[PDB]
Structure formats: C-alpha cells, structure tokens
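[1] Could you work out the structure for the sequence below:
(4 chains)
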Amino acid sequence: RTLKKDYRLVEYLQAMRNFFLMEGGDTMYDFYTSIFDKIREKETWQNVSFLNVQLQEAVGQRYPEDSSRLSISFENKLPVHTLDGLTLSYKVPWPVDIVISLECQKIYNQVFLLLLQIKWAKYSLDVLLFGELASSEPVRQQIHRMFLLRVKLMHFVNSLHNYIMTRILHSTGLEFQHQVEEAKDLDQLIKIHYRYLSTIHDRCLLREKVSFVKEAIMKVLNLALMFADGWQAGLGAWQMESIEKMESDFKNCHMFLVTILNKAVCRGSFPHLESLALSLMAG
Amino acid sequence: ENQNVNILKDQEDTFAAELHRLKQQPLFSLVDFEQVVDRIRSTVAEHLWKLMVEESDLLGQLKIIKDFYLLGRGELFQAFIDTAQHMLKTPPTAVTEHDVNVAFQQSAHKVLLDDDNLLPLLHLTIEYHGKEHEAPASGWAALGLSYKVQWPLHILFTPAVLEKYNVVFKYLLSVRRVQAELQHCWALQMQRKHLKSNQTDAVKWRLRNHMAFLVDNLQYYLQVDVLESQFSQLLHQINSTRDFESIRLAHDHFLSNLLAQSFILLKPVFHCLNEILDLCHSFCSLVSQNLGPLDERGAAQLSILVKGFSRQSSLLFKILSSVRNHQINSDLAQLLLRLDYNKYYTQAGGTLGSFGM
Amino acid sequence: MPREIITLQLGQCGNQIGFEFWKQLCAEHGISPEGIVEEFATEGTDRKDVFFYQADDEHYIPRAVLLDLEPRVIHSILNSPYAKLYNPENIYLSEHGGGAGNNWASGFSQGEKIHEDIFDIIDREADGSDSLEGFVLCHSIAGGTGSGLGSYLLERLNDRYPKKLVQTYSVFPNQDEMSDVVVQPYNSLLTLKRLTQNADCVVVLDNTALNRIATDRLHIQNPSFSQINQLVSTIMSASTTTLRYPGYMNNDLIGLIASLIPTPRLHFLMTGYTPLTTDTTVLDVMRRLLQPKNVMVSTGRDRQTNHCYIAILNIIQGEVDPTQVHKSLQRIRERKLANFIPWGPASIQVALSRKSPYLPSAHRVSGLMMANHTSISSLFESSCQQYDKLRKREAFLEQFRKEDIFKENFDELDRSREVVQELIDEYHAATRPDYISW
Amino acid sequence: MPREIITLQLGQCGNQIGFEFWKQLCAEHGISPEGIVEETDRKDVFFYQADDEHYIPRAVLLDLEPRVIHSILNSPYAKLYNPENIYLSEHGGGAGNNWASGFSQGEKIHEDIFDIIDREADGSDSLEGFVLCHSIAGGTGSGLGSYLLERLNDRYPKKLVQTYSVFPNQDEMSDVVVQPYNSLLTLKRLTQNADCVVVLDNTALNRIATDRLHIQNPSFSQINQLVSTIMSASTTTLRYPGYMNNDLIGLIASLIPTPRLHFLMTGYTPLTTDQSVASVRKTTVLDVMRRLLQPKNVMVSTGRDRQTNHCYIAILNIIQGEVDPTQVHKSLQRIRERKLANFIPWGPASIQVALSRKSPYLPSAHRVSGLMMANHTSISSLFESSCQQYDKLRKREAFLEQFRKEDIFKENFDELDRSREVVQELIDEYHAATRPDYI
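    Residues are numbered from 1 along each chain as shown, chains lettered A, B, ... in the order given. Let me share the structure:
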C-alpha cells in the first residue's frame, strides 16, 4: 500500500506500456512518422539532438511526468538495420530502482525497437497511395504486379501487426495487469514482472532458437523498403523482371516460412507460433 | 488436505477421545478398534460423498465420459470419422495427431459444440511406432482420447479405467465405421433404382442386407444392453450411496458389467467380430471398385467374399451356439435372441450368405 | 459437417402439414416466431441443424420452402406470426392464379413452366447447406396442383443430384369419402410412376383411416383437415426425435431408412404412433401398435393373402428400461404378433429415445411403429381398381385431353398402371419364401 | 504530426446529417453545445480549440439553400461552431436541382469558401484529409460537390478525400427529371476527383429504418440518426488507438486495391433497432461478424456476388472493446470454413480485422462495436441501374434542357457522354476485378 500510494508503480507500468510497449499511440506514431519522413528524404535522423528534441516534444504533450524519462540518444547492412541500436531511457526512482533493472531497460528497448521496425514497415506501406504511383500496357502490367506484391506484403505485415498486438502484448499485458494486483509481496511481484517480460521477449522471437526465423521475415521487411522507394520512383525504376524477381523472392520466403512454421508446430516447439502459421496460410 | 493446500469437521475431539479410551483399555479389543475405525471411516466417507456428489459434479464427469469416451454424440463422431478417414487410412506420422485434433475441434464447432469449455480439454492422441521416432498401418488402427481430470475426481480416475475407455472407444468406432460403410453402400445401391437390376446387383443387395441386419442387431444391443443397464445401475448406486468407497465399488462394477458386455474378454468372439469387420470393409471396397454395376472381376471377388462370409457366418452361429445346453453368459443369450428375432439363422440354416449368386 | 435435409411443403395439405410440423418443432425447441428462441429451452442436447439452419445470429430459421399453385395458402401462412420465423425468400408464390385445377397433368405442366423459377431457389438453399443428406417432400398427391408439381420436382431433383436422398411424406387421398375430383386415381397413379422411380422412400399418409380415427377417437364427425394435420404433424415430429436428439444410432437420415429398405423397389412404408390422441411397459405399447385400430393408415383389405411385415422398427420416447424391451421381444416371439419374411431377415429393432423436457409430457413412454408390410399393396390395388373402372368408363379423360400431354396419348397412364401392378406382384411374391429368387 | 479532419457540410440532407453527427459527437463526449466541455480519449482531432478555448467542430457549414443553415442557427448548437465556419450563400434559391447550376454557383463563390477552407487547413498542424458529406440527388448538392472536388484536388493533391454521398436508389424514378444526369456527373467526379467514396443507399437506409425500428414512416430524422451513429463509430477508432490505426490512412488503404476501385459497403453493429434489445449483451467474436453478414445488417441494398464473377476483395471488421485472440482466430477460421468470404478470382484475398478498444463515453448496446467495410463488387447493380436510366433518358432525349440552359452543356452534351463512358469503364472494372487484368 505504501509503495502503491507513494511511488505510484501502477503509473510507472502504465508509462512502460505507453512508451516502451506502444500504448501512447498518437505521440510515438507522430515521432516515428517524422523519423521515417527524415529517412525517406535522406534527411538527418541520426542527429542525437534532433532525436532528443523530437522525444521531448512528443512526451511533454501528454506525459510531462514522462517528459524527462523519455530520451532518445541513438547512434549509428540492411535498411532495417539502420534502426538498430536505438537509444531509449527511463527514470526509475528509488526504492523502485529495485524493481526495474538495466537489463529490464535493455529488454524494453529491444521490444520497442522491434515495434518501431514493424511500424516503419507499416508506415512505408501506408504512406504510398495508388494515386501517388499513378500520377508518376507494359507500364500497366508493371503497375498490376506492383499492386499484387503490395497486397501480399500488406497482408503479411498486417498479420505481423495483429500477432504483435495480441500474441505478445494484449494477452501478456492483461495477465500482468491482473497478476500484479494479486501479488502482495515485493519478491512475488518482482518475479511476476520478470516472468511477464520473459514471456514477452520469447513471443517477440528474440531467442536464438528462432533467430533464422526472424532473419527470414526482416528480409521480407527489407524488401518493402526499396519497394516503397520503387513505389514512389515511378515505373521507370522497375520493369517486368524487377517486380517478378521481387515477387519470386517473396514467395520463396513465404513458402520457406510456412514450412518452418508447420515443422516447428508439429514438433511442439511453441503453441503460439500456430497463430503465425494460420495468419500466413490465411491468405 | 493436499487439495486444501493446493475434512474432519469438528469431531476430531471425539476421535481423539476414542483413541485415548482405546489406549486406556488393559486388554486390546479388536472389535472395539474395528468399530471405532468404521465409525470414523463412515464420517470421512460421508464428508467425501457430500463434497464429491454435489460440489464436485461427478454426474457431469460421467455424463461427459458417456457422451464422448462412450459415444452419444452421433453427429460429432460421424463427421469426425467422415473427415479423418482420408488421413487415418494411412499409417500415421508425427503430424497426424495435430491434424486429427484440428479436424475434431473444427467438426465439433461445426456440430455446434460451442458451449463446452472442456472442448479445449477434449483432445486426441495417435499411437504409432513411426510416431515414436506391426505398427499401425492406419490412423484408425490406434487412436485414443485425451481428457483432463482435476481434484478430487482424478483420484478415482486411475489410468486403467482410461485404457478401458480407450479400448471400448476403439471397439465402438470400429463398429460405427462399419455402420457408415454399410450406409454408403446402401445409398450407392439405392442409386441403381434408376437402372435395371443385374444378377451381381441382386447378390450385392442380398449380402448388404445380410450384414446390415447383423451390424444393426449388434449396435442396437450395444447401445441398449451393453450401456443402458450399466449406466442406470451406476446412477442408482451413486444416488443411493452416501460413502466414497460405496461409489468407488459402484462405478467399479458398472465398468465391470460394461466390459463383460463388450465381449472383448472372450478371444473367439473377439476374433470373429474382427473377421466380420474385415469382411464388411472388403465388401464396401469391392462395391467401391465399380461405380456402376460390378464387372466380371467384381463378380468373382464378390463370390470369394460371399464364400468367406458364409464360412464366417457358420463360425459365428456355432460360437453363438458354443453352448446352448448348459450355463452361458446371459448377455450372449440376449444377443443371440436379438439375432433370432424370428430365428432367421435357423431359418437360414445357422448361417448367412448360403443363398446362390 | 451435419446431415441437413430441406423441407418442401407442397400443395394444400402438404403446406398445412409443413406449417404444423414447424410449429411443433418450435414448441419442442422453445422457438418464438421471428426466429427468436427462448433461453431456457436451449440448455439441452437437442439438435437445431437438421430442419432448422443456424442463421448468422444462431436463430434457427427453418430450412423451409413454401411451394403451391394456391396463393391463398401462401397468404394465410404469411399472415401467421411464424412467417417472420420462416425465410421469405424460400417461399414461392403461385403466379399462375388458376393453377392446375387439382390436375396432375396441369400441375406438371405448370411446374415445368416454372422449372428455373424454383430450381434457382433450391440451388441457393442447398448451397447454404453443408452435407445435405437429401430432400424431403411433404405433399398431397390428391390435389393435382400439388401432385403434378411434385412429380416434376422429383424428376428434376433426381436428374440434378446423384446423392441427395428423396423422402416423400405422401398424403394419400381419402378412399373413405369420394370428392368431386374423379381424376384423383388418374393423378396419383401418374405420381406413383414418379414415386416408383423418382422417390427413394415413400411415407404412406392415407386420409381414409385418418378420418376413420378422427371420427371415433376424437369424436368429431367433421372431415376437416385441421385435426388430421394436427395429428400428422404430431406423428412426424415424433418421427423426427432421433434426428433432433443426441444418441448412438439413427442420428442420420440414411440410417433412418437403411434398415427399412432392403430392396430398392420395396420402399413404401407405413407408420403408427401410440398412445393415440384420445379425447406402462413396452408390452402394452406394442400391443397397442399391433392392434389394427391404432394404425393411422388403412392397411391391406385382404388377410386371406397373408401380408407379412417386411420391416418392423419401433422408436420410444421418455422413460427407458431395458428389461421392458427384453420382455417385449419374448412377448412378440411367444404371441407371434409380427409377420416375418422367410426369404430375408425381418427381425425386431427397437430404439430408445428421449422426450422434450421443455414441453409438458403426457406419457412416460410414447412408442411409434415404422413398418414395411405387404398389406399396403392392397391399397395400391384399391387405387388401381379405382383407376381401372375410371379408365374403363372412358369418361372425364377429356380433362387430361385439355392438355396435349395426355390429349396426344395416355401411354403414361398405362405405364403407371403397369408399374403399379408390378409393385403389387412384388409385394405378393415377398410373402412367399422365394423373393430372393427374384 | 497529429491528424485533423474537417467536415464539408453541403446539401440539405448533408447539412442535416453533419449537424446531427456533430451533436452526437458532442453528447458522447459530454460537450456543451456552446463549445464548453465538461467531464486514451481524444476530443481534439476532429474539433479544434479556438482562441475562445472552446472545442468548435472542424467543419464547414455551406449550402446554396440556407434554410438548413437557419435551422442549425436557431438550435443551441450554433454556439458550438464558429459563425465564420457557417458561410451561407443564396443565389436565388439554390441551383434548382441541376448539377451544372450547382457547379456554376460553386465557381461563383469559389474564393468566398476556399478562403475559409485554406484558413482552417493552415490552422491545423496536420490534416487527416477532407470529407464532403452531401446527397447527390439534389442537383445543387451534386454540382457543388463536383466543383469542390475538382478545386480541392487541384489545390490539395496530397490530402485524403472522402465523400459521404447519400445515394438515392437508382432502381426507381427520383423526382429530379435529370437525376440520372446529376448522378452520372457526380460519379465521374468521384471516380476522378474523389479518392474514396463510401456508399449509402437512400432506399436501403429507408428500408433499414423501417425494419430495425419497425417504423412505417420513412423519416429522414431516423436516417440521419443512423448515419450519425455510423460516422461516430468511424471516429471512435481515431479516438482510442488500442494497438494500431491512429489514422484513417491505414483504414482506407486496406480497402483500396486501385485508386479508382475505392467504393465501400458499410455495415454497423449494433444498429439503432427497435426490433432488438439495445442493452449491453455479451457476444463472441464469431457472433459479431456473423450478425453483420446478414443483408438486413448492411446499410446498402446491393447484394453480394457468389454466382457471377464478383467476389469480396476486402472484408475489414473493426472490433472495438474486449477482444480475445482465440475469438479472433476462431472467427476467421469459421468464416473461411463457412465460405463467408470470396477471393479475387485472380489471386488470394484476405480478411482484415481491427483489434481495438472502446472509449467509455460512447453509448454501448454491446461491449464490442463492429464495423464492416466490404469492398465486394456486388454493388455495381445500382451503378448499372443508373447507367441504364441515363441511357433510356438520353434515348428519349429528355431533360437535356436543364443543361442546355447552361453554357457548359450548351456547347455540347459530350460532357454527359464522357461521364457515361467513365461510368461504363467503372462497371467494366467492377466486372473484370475477378480477373488478373483489372482493365
């Protein structure tokens, strides 16, 4: 009771979700939209001063309490890997320092950066408009092949989004929300949070045993990037063969991923993967 | 106490007083020890009976067992077999179990098993040497049911009863498979009514009607005699009883009667039943061979099958006539009488399939 | 993947029977019209996926199609509050107005005119069904409006679908009371030819013994269709219990008639229900059943030709005791209350069934007979002779000469009479222990 | 940068519906009709706080028949909006139900409204886009909307354009003798000018109002209440992110495979219905989309094609409130296993589901709000009916005087011919969407 009324751990975990776990949607939405606008325009985005300015401008609007803990100092293979190493911090006042560790901070950063990458892919798909390409028969056929590849890609990315939503976050967050109330012990609650974060980490495919798995998906994710630039570059930067080879790579990755999912599920490796299986074979 | 953590009310004082009184006896009285033990056992068993019958829902457990472990959802199991025949016709692999469980759950959803929170607790299992890496050459050859029992009812549910359920479900699923085969063959022969009858068609229809009568008698007996009496008697036992051990022995004899009626414990009759199952499968396959009227090879294989059927029918009559002059099982007598609704076997000479091609 | 069967109420009597059956099913399942179902009548193990289809709200709208050349019946059923329960699209309204005049030829000609009109409806209904076992036809062969259309429908359904089963609840004309439709023998006979070849199983529903029972048991001297339809709906709902309740056997329609049809040319079946609607053990129920007065349909009129029950099936609803059936089997055997075919098996199969707990039970055990008996063959002759004399008089054929289909020739009538004679002959041969030789 | 949405009120029916939708938005948020608000939620992405510190709606109140403007003004909700936003213009009583007349009168006050539009555009840091809410049946409304679409697409080719068009049923005869002409003109403008149009059949709305509320009165008030409910259900997603879709961009982009095939079937559950219970009840995920699948639950009279070559291309289900992953998975599985969705007959199609949560101020007849966006090409029937109605009238050579009195069509009726050709190409694309080649 003293910690709950005094140090406001409930609010601390709420901010944890809001920022590190994609719940302060509008703010970080705008933040990474600006970041992706900077990236696509070849603009300065790695600027640490720019990052801190953006972070503070974002957080102060809704959470002045958090407009201090949120700090971006990121410093810098694949266009997705450009987002790797993102810097993000939090303020854990003692005796809440016992609750939150630096390993906790690192895992939060990992999950947040995976969220940022998937949101980057989603934003890249969303920003393109069919009118954007139209304003910019073989050309028509190339446009159709663009359209088919984009539809396939968007279905994949939407399945990924929904999987992140509920397989890893909605259910895990709801469970931790309930189970924190039921833990009257400091050690018990610490164990609860540790297990909740470990479960989120595992559902985020971050374990080594499935690294190749994610190594497959991010490649497809990377295929979006030059796709979107190729979407905006008109059809003079694409031909029949370019689009068709992109789609062949996509389909090879898709079949490989479906096979891997089926094998792993039949082996009983993990029961939340079948979600991803059904999502992949949904279309 | 374990399930309280994870029973004596307040008479513990009386029990301690009685134990002290027994201790104060100069000469030990075994009768008094026994009577104290029996009184305490009655108290404990009454506490268990009241905690189990009314607030542990043993009735619902038994209902669910009979519905699924013992058949009773005809649409469910029918659709399940219809779906899984294609996959279980082959020897199983490491993915057959998951696939058949998926089919089961989806069919149950389709057959409107939508209010069962035990649906996620009703699972399948396939047993196969190639699934452990003569092994089962079909998914229908070895299939069990996985169900979850918790405190305190799982204490009653020993694994032995579980494999009893498994084997009885195997028997019933085999008989239902033969039922479905005969049903589809009957529909195919129904289709011929827009055509004209052939000699082979007539012989096919006669053999079909023969085995239809046989399996229908078998399954009507199985539903009524093998099941209704035992379920009813166990229900009356549990309703009347007031003690744990009484319920235990009641269900014990209930399943004992069930297994006695199953007639698997009798080697000869079990072998003959297997033979007739194989013959029914072969007849259905042969009918499946010709979409229209059977050809010459179809006629020849039908003749071979009819010869085997007549041989096995004589065998089954004579094993049903193993002893009809001295003592024999009463349920077997009932089964034969069900076969002798007008003694067609005696009319048929003690065999079926003795009619010319 | 359930076994679904679509109801096709046809004609004056068939539409009434179907409506009564739907009302009875709603009462059984606590379904309020408009599709709304009460919550306390849905906690059981009854099935709502055979004659009702689970809509996109789990409100079991019936799998019902309303067909008739009588717009008055359509309007009357629409006026019923159950009309909201029914699917309006499945209902067909007679656009001809004059219809057939209760003529078989005119009904068939109108149906063949509206072939696509209703074939589209039936296709759209079947496409929404999964594992459609077959089609059931509640219809009246007396009213030629119903009969000609039903014959056409049977032909078209047989042609269109190779596996969808055809079940006919044939309301037979009342030979106890002559109506003014003299071509009733002419109409039915033609239907019979389709019924001979286009129907897998025929449910005999004769109004003669229906009226004979309504006169005394109900003590009502009116031949009004109301009480007849009430009892018919009652009996057919009793017939549908094993279809609508959990069990071990008889959960499917194909198994419903598999044990009752040993020969694909022997498919005309009679039924009986006890206790009778008058205004225990299995022994009493079977004794009531075997008593001829308790049979709903007029049976064979010649016991000198010893008619044999080919098939004997007995459904029971409510209290169950296996000892009752065990003793009833021995009572059958000792009293020889049942005739058995010697060439084939004719044993006794009895099914155990449950009554509805959501309706007021009137009997601990209600037992219904499903019998294939050769006595019905006499009724066929009862029709055929009624045809022959009408054919002999060479009168009123001009009504069929109104349509060119029978104006050109009556070879169809001749073929129908030939096939009916063949069926009567097969019935009579089945009595002798030589029918396997056929 | 944060999104903002501005609502263009135009046409009498459009003005009515916009006013009712704004009023419903204010009430659901507990906002006083004087711009006073009294007690994650968002109540600033569609309103805006002016210097008076009042949440004036982001809306433009225009009409060539200012009678509805007077009706709004007499209501206490005139204080909710700025009088500057309300710019009434009367040229003699409106266009007279002529598309050309409305287009010309729109050009007449080109700047008197474009200044206001650019004012509010610059007042917003970022814009979600523009919305034109009207009924194309009024030739005034149709012409003004076409002019606005043209001018906006010229001015703002980067902002999203949406059109809430109240489509009168093209199966019957409207009172407008040139109704098919106005309809074709507006449809051509929407195909060209408008990036995405939701379809709302007037006759379908009438039938749904008569059914769900069991009323026998085709009350425009009930239609407006229905549409206001639909639109408020739309903005609820933009109020609570939940896990995704803080913008309308992702919502629309899922439903557009071609920047000309961007027309949507709209369904909502629960709908205002006096034939069903309006209190909160628990339904599963499978319950929601199943209930929506009924055509009675779909606010358009157009059906679904599963016997010709038209299939559901996009099926977006927006679920707001408690969600369970098993429910979502079973719903998808049962819909697909039930053949409740169609693939494009040139590639695999997918179902889109939005896992979102409800704000507590929105009135609840269920714990889950369900929206259905059906990009299912069975709706071309109304377009074909309107095309045939135009063809029959052009063959009759009737009602061409309404445009022959306007110099735009005085030069020729080739404008109508080109509109007909564009609509024919649109119907062709509808039919050919079942093929690998869209054209």
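[2] OK, contacts around residue C:32?
    Residue C:32 is in contact with C:26, C:38, C:85, counting by C-beta atoms under 8 Å, 6 or more residues apart in numbering or on different chains. In short, each C-beta sits where N, CA and C put it, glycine included.
[3] and the stretch 51-200 of chain C, which of its residues are near chain A?
    Contact residues, the stretch 51-200 of chain C versus chain A (C-beta under 8 Å from any C-beta of the partner chain): none.
[4] What are the boundaries of the strands in the stretch 51-200 of chain C?
    Taking DSSP state E, counting those that start in this stretch to define them, one finds strands in the stretch 51-200 of chain C at C:52-54, C:60-62, C:64-67, C:132-140, C:165-172.
[5] Run through the residues that contact the closest residue to residue C:155 other than its chain neighbours.
    Leaving aside its chain neighbours, residue C:155 sits nearest to residue C:198 (5.4 Å; criterion: C-beta to C-beta, 6 or more residues apart in numbering or on different chains). Residues near residue C:198 by C-beta under 8 Å, 6+ apart: C:151, C:154, C:155, C:157, C:158, C:166.
[6] how deep is residue 154 tucked in, by neighbour count?
    In the absence of a named chain, chain A is used. As a burial measure, residue A:154 scores 23 neighbours (other C-beta atoms under 10 Å in any protein chain shown).
[7] nope, chain B
    12.
[8] Out of the strands of the stretch 51-200 of chain C, the one nearest residue C:406 is which?
    Set against residue C:406 and scored by C-beta to C-beta, the strands of the stretch 51-200 of chain C come closest in strand C:132-140, at 20.4 Å.
[9] Need the residues that contact the closest one.
    C:3-14, C:17-18, C:21, C:122, C:126, C:146-147, C:150, C:153-154, C:157, C:163-171, C:199-200, C:236, C:252-254.
[10] Now do the residue of the stretch 1-150 of chain C found nearest chain D against residue D:204, distance only.
    Nearest residue of the stretch 1-150 of chain C to chain D: residue C:56, at 4.2 Å (C-beta to the nearest C-beta). Distance check for residue C:56 against residue D:204: by C-beta to C-beta, to the nearest Å, it reads 18 Å.
[11] just residue B:299 next, same as before
    64 Å.
[12] Please report how far residue A:64 lies from residue A:70.
    Taken as C-beta to C-beta, the span from residue A:64 to residue A:70 is 11 Å.
[13] Tell me which of those two has more neighbours.
    Neighbour count, other C-beta under 10 Å: between residue A:64 and residue A:70, residue A:70 has more, with 26 against 9.
[14] Confirm the more buried one sits in a helix?
    No - Residue A:70 sits outside any helix when classified using DSSP: H, G, I helix; E, B strand; the rest coil, being coil.
[15] so what's it up against?
    Here residue A:70 is in contact with A:19, A:55, A:56, A:58, A:59, A:63, A:88, A:89, A:90 (C-beta under 8 Å, 6+ apart).
[16] Which one of the strands of the stretch 51-200 of chain C lies nearest to residue B:257?
    Checking the strands of the stretch 51-200 of chain C against residue B:257 by C-beta to C-beta gives strand C:132-140 as the closest, at 35.6 Å.
[17] residues from the stretch 51-200 of chain C in reach of chain B?
    C:54, C:130, C:131, C:158, C:162, C:163, C:165, C:197, C:200.
[18] Give me every residue in the stretch 1-150 of chain A lying close to chain C.
    Within reach of chain C by C-beta under 8 Å from any C-beta, the stretch 1-150 of chain A has no residues at all.
[19] circling back to that earlier point, just the closest of the residues of the stretch 51-200 of chain C next to chain B to residue B:43, please.
    Nearest to residue B:43 among these, with distances taken as C-beta to C-beta, is residue C:54, at 51.2 Å.
[20] Within its local environment, how many residues does the closest one see?
    16.
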